[PDB]
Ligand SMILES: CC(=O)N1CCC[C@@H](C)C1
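First comes one chain, alone, set out as structure tokens in the form solved without the named molecule.
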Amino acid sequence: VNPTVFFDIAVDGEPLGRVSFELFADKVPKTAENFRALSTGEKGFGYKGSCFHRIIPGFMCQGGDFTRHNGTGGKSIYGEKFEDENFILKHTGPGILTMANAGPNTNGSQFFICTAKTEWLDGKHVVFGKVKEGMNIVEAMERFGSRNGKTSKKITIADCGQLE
């Protein structure tokens, strides 16, 4: 059975709730493992305390830059940006988790939670998971975004980890 991980989301320090995600380890094991391990913190670094630095309504919430917190950072557990594993899965609707990148084969630790069907990403971003519970929280987050992705409040991952 695919692994499930969670983020506890806070806004300006106040709890919003828990979002959980299924990671598609059966289709993209390398990409799923990277996100999984960054969520547990088992390698000694990861997503806990990091923020969503760009939110674009009708498109996505972007996070994962736990090193510079502004989209210029992030790193994978593999010690280098890593290759696009495959494009088996498509961007079929809201709740899809897909990798952010700076072009082919530049995956690090940044990701999008898609808040719509984002078919314009197909074949360029690796889909590796989906929201399981907590979609209404993602909808609430989207409301703090604006043009170009500027957020009006600090949205953070207060805690994160792996469920049974």
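One rule holds for the numbers: they count along the sequence shown, beginning at 1.
The following text describes the form solved in complex with the named molecule, which does not appear among the structures shown.
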My question is simply whether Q62 lines the interface with the named molecule in the deposited bound form - judged by any non-hydrogen atom within 4.5 Å. yes
Contact with the named molecule in the deposited bound form for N101, defined as at least one heavy atom pair within 4.5 Å: yes or no? yes
Using a 4.5 Å heavy atom cut-off, state whether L121 contacts the named molecule in the deposited bound form. yes
Hey, in the deposited bound form, does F52 get a heavy atom within 4.5 angstroms of the named molecule? no
Contact set, 106-134 vs the named molecule in the deposited bound form - heavy atom within 4.5 angstroms: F112, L121, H125
